[PDB]
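Look below for two forms of one protein chain, each set out as structure tokens: first structure 1, then structure 2.
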Structure 1
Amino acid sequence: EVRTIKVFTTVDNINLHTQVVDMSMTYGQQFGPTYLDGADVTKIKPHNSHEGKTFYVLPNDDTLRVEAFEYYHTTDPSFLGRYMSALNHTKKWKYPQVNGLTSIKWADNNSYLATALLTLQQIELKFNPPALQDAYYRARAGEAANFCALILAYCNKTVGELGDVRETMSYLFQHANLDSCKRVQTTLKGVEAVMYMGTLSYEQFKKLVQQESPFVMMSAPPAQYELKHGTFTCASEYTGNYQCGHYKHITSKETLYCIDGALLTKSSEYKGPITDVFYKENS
């Protein structure tokens, strides 16, 4: 005889599969790396309260690989592992809501992550993988651990690495529906139609004959720049040089608010190392 317990395993937390544990923490034999509610428990003996509980495993099956493709829209077997490795840290992060927007108290170099999160909360964008959509909803609700871990997983980055906001947005825009966007007499459409590594000012298009997007972004290397209230949606500031520094977020909602981790700065005008500026676009 053996005192066992039945649990559930899943890869998307939608399709659950019943499995058996025999009060052994050696998940590496048959079970594999497991994460209870986001926190790795691959070397934790099954508790008495581990009844009818849901566990996260990596796709060892074709059924699980199919479910992972259906929920994450990915073809990488290590994607879930990367996502769960990021989640084991982002679960302990704090996500303060600042006047309706959700940021991150800085920890493990989440500066660019917090800036991208604050940006995505202020631009109209619909994601294609259901994982990103549900994580974004939960983030706009105040819990953003899953969204930030997903962002890390989709960018092949790890908790602690440095990061550039523009490349993160470029990775995210591949999983977004941007085929409707158009820009020119060189014809452009898609992700290339909403970005510009160059003039920060939208109004500076004197060096763009039409735009057909729900939002646009411009980007330059960190330049001392004055942001006029009411001219833009949001922007990002990079204090430091190229090799090392830190990102802050600036929004123009009523006044020039500035989010730095969990800190808020109010200002009528602003002048600082701006690098990205986002703008509303009806058509």
Structure 2
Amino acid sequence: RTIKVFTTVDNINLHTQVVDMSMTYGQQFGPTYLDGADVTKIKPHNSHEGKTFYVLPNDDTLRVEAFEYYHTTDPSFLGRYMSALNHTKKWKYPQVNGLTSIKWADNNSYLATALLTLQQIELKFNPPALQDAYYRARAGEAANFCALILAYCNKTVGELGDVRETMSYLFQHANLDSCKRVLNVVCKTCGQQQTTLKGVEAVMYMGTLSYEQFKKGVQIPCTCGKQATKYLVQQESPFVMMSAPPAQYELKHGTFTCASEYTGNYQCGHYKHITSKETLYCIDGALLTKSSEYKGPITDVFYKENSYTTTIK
């Protein structure tokens, strides 16, 4: 007694298989998943005929397909992706003010604010798996995209996460080759040092949330033991992300694109998203509120950019 099924690593290229209904999937394919569910220890049902099963990339055809689709050789990746998808397919993805959000479940507030942010900044993903899942997420079906983020970041469903680190890992799998930043550091004692940064380093800054303040100059400790002024000379990027240790901060309508708020103690707090549109909207998973100004413990602020050159001489 047999059925025909298909095996895959990318859910695009299918491989025809005939399975024995008296043996487990595990006995025939090794670790096997059906829409994220682990079916390794399960025997084929009638209802399985014609269905697609994920298997591990254990031969050269599957390794080429999996590497071209996911751009990772981590042998646990597909198992972690499937384990996460079994949960994320049960999350809800409401449209909030025209953006795909996530209804709160499993400590996912960092993923909701990351997903909302990605829909507001120009970013192209390198791995086809992320490109395809991101397109589906923007259309409202974000389960695959959320499970890929989890898998790529080595996070499990239910784990508390960091928005900044999550964005940094996603930026590392994105095309930021065009991104350039020139900084100047001026110490009235030591003199001045210019630095040029590329890629992820060109779009992320830690120590101030204010892009305006970064342009005017921020005070930092100099290696000589005094204080220096660091300021932005030149920026070439479609956005910048400014971060700082969480502190009470006032967001003003029309001065930024979006921001992350973190409330609570070390590690086990909660994120909300603030987006500047016609007014300020606070998106907290499924929840939406508005205000003319917003003051809270802000961690990350995103700004639109294209090309900036300082007037500072």
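Rigid core here is just the name for the largest C-alpha set that superposes within 1.5 Å across the two forms. For residue numbers, the reference is structure 1: its sequence is counted from 1.
K.L.:
Is it true that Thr42 shifts between structures 1 and 2 by 2 Å or more at the Cα, once the core is aligned?
P.N.:
Yes, shifts by 2 Å or more.
K.L.:
Would you say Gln224 moves between structures 1 and 2, meaning its CA shifts by 2 Å or more once the core is fitted?
P.N.:
No, because once the rigid core is superposed, the C-alpha of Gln224 moves less than 2 Å between structures 1 and 2.
K.L.:
After superposing the rigid core, is the C-alpha displacement of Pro33 2 Å or more between structures 1 and 2?
P.N.:
Comparing the forms between structures 1 and 2, which are aligned on their rigid core, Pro33 does shift its C-alpha by 2 Å or more.
K.L.:
Where the core is superposed, what shift in Å does the CA of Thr9 undergo between structures 1 and 2?
P.N.:
For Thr9, the alpha-carbon shift amounts to 0.6 Å.
K.L.:
To one decimal place, what C-alpha displacement in Å is found for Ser24 between structures 1 and 2 with the rigid core superposed?
P.N.:
In the core superposition between structures 1 and 2, the C-alpha of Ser24 moves 4.3 Å.
K.L.:
Provide the displacement, in Å, of the CA of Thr54 between structures 1 and 2, taking the core as the superposition reference.
P.N.:
For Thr54, the alpha-carbon shift amounts to 1.2 Å.
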